[PDB]
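Q: This structure is in structure tokens; I'll ask about it shortly.
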Amino acid sequence: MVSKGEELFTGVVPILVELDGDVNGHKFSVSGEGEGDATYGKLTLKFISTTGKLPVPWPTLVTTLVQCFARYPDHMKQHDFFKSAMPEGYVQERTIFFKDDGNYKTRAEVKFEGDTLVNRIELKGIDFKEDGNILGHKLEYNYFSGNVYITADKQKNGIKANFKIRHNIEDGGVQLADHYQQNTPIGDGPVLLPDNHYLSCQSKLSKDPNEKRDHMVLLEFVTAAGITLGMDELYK
């Protein structure tokens with residue numbers, strides 16, 4: 001059946017994101033506006049630095065700056081926890097370990113305000129090297145992909161997830177970021193607790209040529225995968 005959460009994502013939903021961040025004492029704020037189309041798992045957003053200059057590279061904030069917009073194939077629709085928690089929303093907590101560097105700890109509330117999907121985030125980064133790849137702004141600004149591996153967590157009535165992101169470095173190397181993640185529903189109603197699966201994500205980063213503030217234009221595609229259910233036998 002069309003469960004109640006999925007009904008809110010059949011069309012284009014406007015998106016607001018607000019992030020307060022503190023990395024090694026540098027405080028910043030990011031405001032993002034855009035839209036999501038879960039039918040195609042498509043995100044189009046523009047983020048602006050409102051406090052001033054970012055102490056960290058924009059690509060390291062991508063994974064933090066709304067997985068309820070993932071496209072779950074029909075045969076996987078019973079494993080979409082994120083939509084099933086709507087409109088009351090969910091709390092998403094993450095720890096991002098940057099290899100041989102500091103770590104982010106993020107707490108976000110994702111919920112509907114009227115017809116708008118809203119993501120309010122607080123981020124705290126610690127133990128970062130001053131001349132490292134993050135604070136030294138040594139990372140490339142282009143594109144990256146990710147496979148978010150999701151398992152259920154019925155004790156907290158939510159989900160857990162892990163993944164690895166490999167950010168290209170300007171010299172040619174790789175900055176590794178290990179994400180560990182937990183999501184818990186905000187309401188007390190029933191939610192879909194999924195079998196193991198993953199989200200294939202692709203993120204393209206660009207710049208508005210007319211924008212003079214520190215900003216990031218992001219185009220994202222997120223598709224659930226990892227469950228066949230026997231869709232191969234249908235065609236002999």
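Each chain in the structure tokens gets a letter, A, B, ..., in the order shown, and its residues are numbered from 1; ligands are numbered from 1 in order too.
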Excluding segment 110-126 of chain A and its own-chain neighbours fewer than 4 positions away, which residues fall within 9 Å of it when counting only C-alpha atoms? Please give them as a VMD selection string.
A: chain A and resid 8 13 to 25 35 to 36 64 to 66 68 85 to 92 102 to 106 186
Q: Atoms to include: N, CA, C and O atoms. Write the selected residues as a CSV table (one decimal), in the first residue's frame.
A:
chain,number,residue,atom,x,y,z
A,8,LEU,N,3.7,12.2,0.9
A,8,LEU,CA,4.3,13.5,0.9
A,8,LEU,C,5.4,13.7,0.0
A,8,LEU,O,5.8,14.9,-0.2
A,13,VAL,N,9.2,18.7,-3.6
A,13,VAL,CA,9.1,19.2,-2.2
A,13,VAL,C,10.1,20.3,-2.0
A,13,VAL,O,11.3,20.0,-2.2
A,14,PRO,N,9.8,21.5,-1.6
A,14,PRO,CA,10.9,22.5,-1.3
A,14,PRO,C,11.6,22.0,0.0
A,14,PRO,O,11.1,21.4,0.9
A,15,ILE,N,12.9,22.5,0.0
A,15,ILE,CA,13.8,22.0,1.1
A,15,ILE,C,14.5,23.3,1.6
A,15,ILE,O,15.1,24.1,0.9
A,16,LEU,N,14.6,23.4,3.0
A,16,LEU,CA,15.4,24.3,3.7
A,16,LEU,C,16.3,23.6,4.6
A,16,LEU,O,16.0,22.6,5.2
A,17,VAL,N,17.6,24.0,4.6
A,17,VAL,CA,18.6,23.4,5.5
A,17,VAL,C,19.3,24.6,6.2
A,17,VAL,O,19.6,25.6,5.7
A,18,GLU,N,19.5,24.4,7.5
A,18,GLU,CA,20.2,25.3,8.4
A,18,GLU,C,21.2,24.6,9.2
A,18,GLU,O,20.8,23.6,9.9
A,19,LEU,N,22.5,25.0,9.2
A,19,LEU,CA,23.5,24.4,9.9
A,19,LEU,C,24.3,25.4,10.7
A,19,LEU,O,24.8,26.4,10.2
A,20,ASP,N,24.5,25.1,12.0
A,20,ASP,CA,25.4,25.8,12.8
A,20,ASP,C,26.6,24.9,13.1
A,20,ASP,O,26.4,23.7,13.5
A,21,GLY,N,27.8,25.4,12.8
A,21,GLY,CA,29.0,24.5,12.9
A,21,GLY,C,30.1,25.2,13.7
A,21,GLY,O,30.3,26.4,13.7
A,22,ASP,N,30.9,24.3,14.4
A,22,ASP,CA,32.0,24.7,15.2
A,22,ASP,C,33.1,23.7,14.9
A,22,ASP,O,33.0,22.5,15.3
A,23,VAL,N,34.2,24.1,14.2
A,23,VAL,CA,35.3,23.2,13.9
A,23,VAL,C,36.6,23.9,14.5
A,23,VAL,O,37.0,24.9,14.0
A,24,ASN,N,37.1,23.2,15.5
A,24,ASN,CA,38.4,23.7,16.1
A,24,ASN,C,38.3,25.2,16.5
A,24,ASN,O,39.2,25.9,16.4
A,25,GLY,N,37.1,25.5,17.0
A,25,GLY,CA,36.9,26.9,17.5
A,25,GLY,C,36.4,27.9,16.4
A,25,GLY,O,36.0,29.0,16.8
A,35,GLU,N,15.1,22.1,-3.7
A,35,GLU,CA,14.0,21.2,-3.8
A,35,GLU,C,14.4,19.7,-4.0
A,35,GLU,O,15.6,19.5,-4.5
A,36,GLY,N,13.6,18.8,-3.7
A,36,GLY,CA,13.8,17.4,-3.8
A,36,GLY,C,12.7,16.8,-4.6
A,36,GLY,O,11.5,17.1,-4.4
A,64,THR,N,26.5,16.0,5.4
A,64,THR,CA,25.7,16.5,6.5
A,64,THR,C,24.6,17.4,6.0
A,64,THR,O,23.5,17.3,6.6
A,65,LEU,N,24.8,18.2,5.0
A,65,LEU,CA,23.8,19.2,4.6
A,65,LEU,C,22.7,18.5,3.8
A,65,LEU,O,21.6,18.4,4.4
A,66,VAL,N,19.3,14.7,3.6
A,66,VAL,CA,17.8,14.6,3.7
A,66,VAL,C,17.4,13.3,2.9
A,66,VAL,O,16.7,13.4,1.9
A,68,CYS,N,15.3,11.2,3.1
A,68,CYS,CA,13.9,10.9,2.8
A,68,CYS,C,13.6,11.2,1.4
A,68,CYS,O,12.5,10.8,0.9
A,85,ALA,N,8.9,8.0,8.7
A,85,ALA,CA,8.9,8.8,9.9
A,85,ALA,C,8.3,10.1,9.7
A,85,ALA,O,8.2,10.9,10.7
A,86,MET,N,7.9,10.5,8.5
A,86,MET,CA,7.3,11.8,8.2
A,86,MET,C,5.8,11.8,8.4
A,86,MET,O,5.2,10.8,8.3
A,87,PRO,N,5.2,13.0,8.7
A,87,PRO,CA,5.9,14.3,8.7
A,87,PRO,C,6.5,14.7,10.1
A,87,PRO,O,7.2,15.7,10.1
A,88,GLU,N,6.3,13.9,11.1
A,88,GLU,CA,6.9,14.2,12.4
A,88,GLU,C,8.4,14.3,12.3
A,88,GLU,O,9.1,15.0,13.1
A,89,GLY,N,9.0,13.5,11.5
A,89,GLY,CA,10.5,13.6,11.2
A,89,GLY,C,11.3,12.6,12.0
A,89,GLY,O,10.8,11.7,12.7
A,90,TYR,N,12.6,12.8,11.9
A,90,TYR,CA,13.6,11.9,12.5
A,90,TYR,C,14.8,12.7,13.0
A,90,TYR,O,15.1,13.8,12.4
A,91,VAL,N,15.5,12.2,14.0
A,91,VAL,CA,16.8,12.7,14.4
A,91,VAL,C,17.9,11.9,13.8
A,91,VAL,O,17.8,10.6,14.0
A,92,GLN,N,18.8,12.5,13.1
A,92,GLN,CA,19.9,11.8,12.5
A,92,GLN,C,21.2,12.3,13.2
A,92,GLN,O,21.5,13.5,13.2
A,102,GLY,N,40.9,15.2,12.2
A,102,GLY,CA,39.9,15.3,13.2
A,102,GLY,C,38.6,14.6,12.8
A,102,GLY,O,38.6,13.8,11.9
A,103,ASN,N,37.6,14.9,13.6
A,103,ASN,CA,36.3,14.3,13.4
A,103,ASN,C,35.1,15.3,13.6
A,103,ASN,O,35.2,16.2,14.4
A,104,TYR,N,34.1,15.1,12.8
A,104,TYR,CA,32.8,15.8,13.0
A,104,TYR,C,31.9,14.9,13.8
A,104,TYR,O,31.8,13.7,13.6
A,105,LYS,N,31.1,15.6,14.6
A,105,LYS,CA,29.9,15.0,15.3
A,105,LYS,C,28.7,15.9,15.0
A,105,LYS,O,28.7,17.1,15.3
A,106,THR,N,27.7,15.3,14.3
A,106,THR,CA,26.6,16.1,13.8
A,106,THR,C,25.3,15.5,14.4
A,106,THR,O,25.1,14.3,14.6
A,186,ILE,N,11.1,10.8,15.5
A,186,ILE,CA,10.7,11.8,16.5
A,186,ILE,C,9.3,11.5,17.1
A,186,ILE,O,9.1,11.6,18.3
Q: Name the residues of segment 26-124 of chain A that come out as alpha helix (DSSP H) in a backbone DSSP run; write them as a list in words.
A: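 The alpha helix (DSSP H) residues within segment 26-124 of chain A come out as residues 81, 82, 83 and 84 of chain A.
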Q: Keeping only N, CA, C and O atoms, write the selected residues as a short mmCIF file (atom, residue, chain, number, x, y, z; two decimals), in the first residue's frame.
A:
data_model
loop_
_atom_site.label_atom_id
_atom_site.label_comp_id
_atom_site.auth_asym_id
_atom_site.auth_seq_id
_atom_site.Cartn_x
_atom_site.Cartn_y
_atom_site.Cartn_z
N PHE A 81 12.71 3.75 5.67
CA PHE A 81 12.46 4.25 7.02
C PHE A 81 12.24 5.76 7.01
O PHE A 81 11.41 6.27 7.77
N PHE A 82 12.97 6.47 6.16
CA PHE A 82 13.01 7.93 6.24
C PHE A 82 11.64 8.54 5.95
O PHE A 82 11.16 9.40 6.70
N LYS A 83 11.00 8.11 4.86
CA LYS A 83 9.67 8.63 4.54
C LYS A 83 8.65 8.18 5.58
O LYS A 83 7.74 8.95 5.92
N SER A 84 8.78 6.96 6.09
CA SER A 84 7.81 6.44 7.05
C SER A 84 7.82 7.21 8.37
O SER A 84 6.86 7.11 9.13
#
Q: Can you list every residue in segment 189-226 of chain A that DSSP puts in strand (DSSP E), as an MDAnalysis selection string?
A: chainID A and resid 197:206 215:225
Q: For atom CA of residue 139 of chain A and atom CA of residue 60 of chain A, determine how far apart the two atoms are, in Å to one decimal place.
A: 8.8 Å
Q: Let me make sure I understand: among A:173, A:11, A:41, A:5, which one has the smallest atom-to-atom distance to residue 133 of chain A if we use only C-alpha atoms?
A: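 Ranked by minimum distance to residue 133 of chain A, first place goes to A:173.
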Q: Name the closest residue to residue 146 of chain A among the candidates A:100, A:74, A:220, A:33; distances are taken between atoms, counting only C-alpha atoms.
A: A:220
Q: I'd like to know which of A:28, A:180, A:98, A:235 is closest to residue 55 of chain A, using only C-alpha atoms.
A: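 Once distances to residue 55 of chain A are computed over only C-alpha atoms, the minimum belongs to A:28.
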Q: What's the 9 Å shell around residue 218 of chain A, counting only C-alpha atoms, without same-chain residues fewer than 5 positions away, as a count of residues only?
A: 11
Q: Could you tell me which of A:12, A:61, A:231, A:191 comes closest to residue 141 of chain A if we count only C-alpha atoms?
A: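 Looking at the shortest contact to residue 141 of chain A, the residue is A:61.
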